[PDB]
């Protein structure tokens, strides 16, 4: 059960980054790794929030994919602390904004944009196969690896699917809805979803059939892919494995 638990003494906490802090983890191999330490705002006076925490934690430590963040361990003071690899390049959201500045990253071609999307599709395929729900999929939660590949992490009304807003239901298809909204952030290079539309308007807005509008120089085929993610009936939406292959093929059809 409690194999993932790491001794507090092996950990050094630094300045607050986003509460998520910077840290130095000392490993079994002698060396030290740079980490990020999310402290959970968790409910005590009831062991129910803490039991579900560890249960997911243990399941998360066994996750080993190049497009999914690695849960390096769990520490406890009685505050629970997830330990994660530190990514010097940061979240994909900020990167995208930065890209539209001189002195910041280069102008991103569509090939790299699709490639970001593909990477999230691969991470979400892996999780959907393990029956693990993300629950908070958005571009700001995708981290960039040192080799500039994207992993999903941190597992906001404008990302929630209609059924999840209306009812209390959330499945893999709700995650698929979020993925399209994420797809759209990448194609817009960091726009906020539903410009002009406010948070309390969302439910009635989506209930009338309106969805995220097509970005200007965005391919017809890519909007077709992201739109399939917002079909009213969850069972009408493609799985992450379907989506992964459509993006991989679409990207392959674009020149090198």
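Throughout, rigid core stands for the largest set of C-alpha atoms superposing within 1.5 Å between the two forms. Residue numbers count along the first chain shown, from 1.
Colleague: Taking RMS over all structures and residues, which stretch has CA atoms farther from the shown form in 5 other deposited structures of this protein, 179-187 or 97-105, after a rigid core fit?
Modeller: When 179-187 and 97-105 are compared in 5 other deposited structures of this protein, 97-105 lies farther out.
Colleague: With the rigid core held as the alignment frame, decide whether 61-69 or 24-32 lies farther from the shown form in 5 other deposited structures of this protein, in terms of RMS C-alpha distance.
Modeller: Higher root mean square deviation of C-alphas in 5 other deposited structures of this protein is shown by 24-32.
Colleague: Relative to the other compared entries, is residue 217 without coordinates in a third or more of them?
Modeller: Residue 217: modelled in all of the comparison entries.
Colleague: Looking at the other compared entries that model residues on both sides of it, is residue 37 unmodelled in at least a third of them?
Modeller: Modelled in all the others, so no.
Colleague: Could you bin the unmodelled part of the deposited chain lying between residue 18 and residue 19 as none, 1 to 3, 4 to 9, or 10 or more?
Modeller: Gap between residue 18 and residue 19: 4 to 9 residues without coordinates.
Colleague: Missing residues between residue 155 and residue 156 in the deposited sequence, please: none, 1 to 3, 4 to 9, or 10 or more.
Modeller: Gap between residue 155 and residue 156: 10 or more unmodelled residues.
Colleague: Please compare 36-44 with 213-221 and say which has the higher mean C-alpha temperature factor in the record.
Modeller: In the deposited entry, the stretch with the higher C-alpha B-factor mean is 36-44.
Colleague: Give the stretch, out of 196-204 and 183-191, with the larger mean C-alpha temperature factor in the deposited entry.
Modeller: Per the PDB entry, the higher value belongs to 196-204.
Colleague: I'd like to know which of 127, 178, 117, 165 has the highest C-alpha temperature factor in the PDB entry.
Modeller: Reading the PDB entry, the winner on C-alpha B-factor is 165.
Colleague: Compare the CA B factors listed in the entry for 79, 173, 88, 93 and report the winner.
Modeller: Reading the PDB entry, the winner on C-alpha B-factor is 79.
Colleague: Mind checking which third residue 235 falls in for C-alpha B-factor across the chain?
Modeller: Middle third of the chain for residue 235's C-alpha B-factor.
Colleague: Is the Cα B-factor recorded for residue 73 in the lowest, middle or highest third of its chain?
Modeller: Tercile = middle for this residue's CA B-factor.
Colleague: Looking at the temperature factor on the CA atom of residue 134, which third of the chain's modelled residues does it land in?
Modeller: Middle third, going by the recorded CA B-factors of the chain.
Colleague: Quick check for you: using the entry's CA B-factors within this chain, is residue 141 in the lowest, middle or highest third?
Modeller: Residue 141: CA B-factor falls in the lowest third of its chain.
Colleague: Sorting the chain's CA B-factors, does residue 83 end up in the lowest, middle or highest third?
Modeller: It falls in the middle third of the chain.
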